[PDB]
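Colleague: Quick one: structure below, then a few questions.
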Amino acid sequence: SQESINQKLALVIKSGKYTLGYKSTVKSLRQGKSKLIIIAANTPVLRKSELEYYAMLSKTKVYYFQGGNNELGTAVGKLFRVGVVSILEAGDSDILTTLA
Amino acid sequence: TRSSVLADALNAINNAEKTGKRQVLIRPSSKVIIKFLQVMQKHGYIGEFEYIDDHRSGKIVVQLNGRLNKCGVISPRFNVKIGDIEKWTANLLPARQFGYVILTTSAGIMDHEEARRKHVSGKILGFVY
Amino acid sequence: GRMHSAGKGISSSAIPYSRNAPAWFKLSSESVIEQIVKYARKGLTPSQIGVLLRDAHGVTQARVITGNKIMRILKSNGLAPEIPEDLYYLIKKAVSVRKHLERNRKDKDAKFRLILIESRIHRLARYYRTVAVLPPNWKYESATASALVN
Amino acid sequence: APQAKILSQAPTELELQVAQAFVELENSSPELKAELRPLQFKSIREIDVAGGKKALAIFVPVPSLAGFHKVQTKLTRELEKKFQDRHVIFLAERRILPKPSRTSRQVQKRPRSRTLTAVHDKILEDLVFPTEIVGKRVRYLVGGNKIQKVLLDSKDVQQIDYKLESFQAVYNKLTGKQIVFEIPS
Amino acid sequence: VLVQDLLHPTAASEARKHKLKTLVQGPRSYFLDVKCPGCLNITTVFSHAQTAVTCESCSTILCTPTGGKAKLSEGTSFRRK
Ligand SMILES: [Zn+2]
């Protein structure tokens, strides 16, 4: 039924290339390197809107994590909270072509 | 959980012998079981027996002839000096003139008479008659 | 019987009396292993990998044809996880139940089953810490346990 | 000289005859030589059969057993044809290490491939080589004796239905233990 | 009973017994050689499948999993080997 997004990300985090945080996302997105961005639920709406605008300019995919930054940190295997993720190389994963 | 495969085997054998059956299936197998059955076979208490080789541990099928009264098991496997087999035999055998206690030694598994002849001792396993 | 219940069920796999076979397989241990590593790179466990190769790739089990076990192969190729799947999945289970408990304090059965799970974890951890595949302490702490399994 | 070359030891007349047979097979050549150049044997043991015939035991190093095992059919067919009055079979020289005693002692412990029972079982498995064994049973007879029944599969048993007694004698001569074969129906 | 050959039981009693409680345990399952009507590639398929197995091309369906025996898809060519 549902192959979890968390399980997908754990493959990207061990196989692929990611960056965390708004500043590094925006940097990579100015560079056009980013394919997907994942955005927490508790992120401020202005930040979310700003990212959406950068993404519709870069023709980049956007996933809305059904979860806040604390859970998203845990999902990507980190002891801190993270509000936005940028995927720049998926490795052995499938997230680009998946239902996302 | 099983603790003594030998105990399970000999309870099964005794129960079948009580019922008058002429064959038993025993699982799992072991070298010690084989040695026990070889002893009983040599002293005539059982017939042939066949070791099936599953790749797990084994089963055994024994062809029986009657004449058996009780096969039993001593758990714990006590430590036995050579002086005490007489006391044991008096305690857990019907008579002096028949029945055999089997024990495990560094010289090997054998009956208490053979252990007397070799002047050795070891550990007690069970009894047959 | 069952560890933490009265269950007496016995459903399991009946391996055949054979250490080869199929005759009909006829591919290679090596190409099979290539497939193995590929699906390992996909980040699957030996369990579902062997299930896959059963259902699809004509495979009985690599134990037969390779002369090795799956986890051995992954270790040899550097694909081994830090931990085993046993603890992995048990910890997922514990964590899920813990999250459920956070928002349902009153569910007693979840609480009960949780300590069952954690006792399983601790005993199994004693085993793996005995065989030294782990660091000697490692002390699963349910609080930090989330980002460990994740 | 691919004659004394291809064993890999000097003696003897039997193995040399065998090597020249190898050579005539290599001269076939095409689909034969291609896989027969790497395949060398070590020793031979000719022994009696209860009937009239004799029985050839061809010993092997066992990194070569694969190619030998790839064929088995044809090398045995041609050798049975040429060296007649015989039952040919291939075998692997497996080293048996003893179980260490308290006196006897050795490091590099003792893997289970090199133990005695495993070596004997595999020697048997190569004696049959086709027809994967599908059953072993061991009767312990009241005269303190033991005999092993080996239950074979019906597939490809036509090639070896006439070698059973010779195989029995072979296992008895090498291992010292009795043997019988069986086909389920 | 009280006398019988436990080594040579009947095939009927051994086929009706549980797989583990036979004299020698072993699988009652098997493998199938399968080609769908569309393509002509062969697929090796386990009888009791845990996955929705696909053939090499066309990405459609060969057999759908169930609790026990796999449910093969619509009419296809399937052997037992
Ligand atoms: Zn398809």
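Chain C is numbered as in Swiss-Prot; shown residues: 2-151, in order.
Determined by electron microscopy, 5.3 Å, according to the entry header.
Using the three backbone atoms N, Cα and C, a Cβ is placed for every residue, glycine included.
According to Swiss-Prot, the protein has these features:
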type	residues	note
MOD_RES	C:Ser32	phosphoserine
CROSSLNK	C:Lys39	ubiquitin cross-link
CROSSLNK	C:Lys43	ubiquitin cross-link
Colleague: Taking every protein chain shown into account, which of the recorded sites C:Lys39, C:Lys43 has the largest tally of Cβ atoms within 10 Å of its Cβ?
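Modeller: Of C:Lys39, C:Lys43, the one with the most crowded Cβ is C:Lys43.
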Colleague: Using DSSP with the three-state reduction, classify C:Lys43 (ubiquitin cross-link) as helix, strand or coil.
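Modeller: Going by the DSSP assignment, C:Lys43 (ubiquitin cross-link) belongs to neither helix nor strand, so it counts as coil.
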Colleague: Using a 10 Å cut-off, grab the number of neighbouring Cβ atoms around the Cβ of C:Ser32 (phosphoserine), all chains included.
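Modeller: Other Cβ atoms found within 10 Å: 10.
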Colleague: Cα-Cα separation of C:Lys43 (ubiquitin cross-link) and C:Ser32 (phosphoserine), in Å?
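Modeller: So the Cα of C:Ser32 (phosphoserine) lies 17 Å away from that of C:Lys43 (ubiquitin cross-link).
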Colleague: Provide, as an integer number of angstrom, the distance between the C-alpha atoms of C:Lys39 (ubiquitin cross-link) and the residue listed as 'phosphoserine'.
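Modeller: Pair distance, Cα basis, whole Å: 11 Å.
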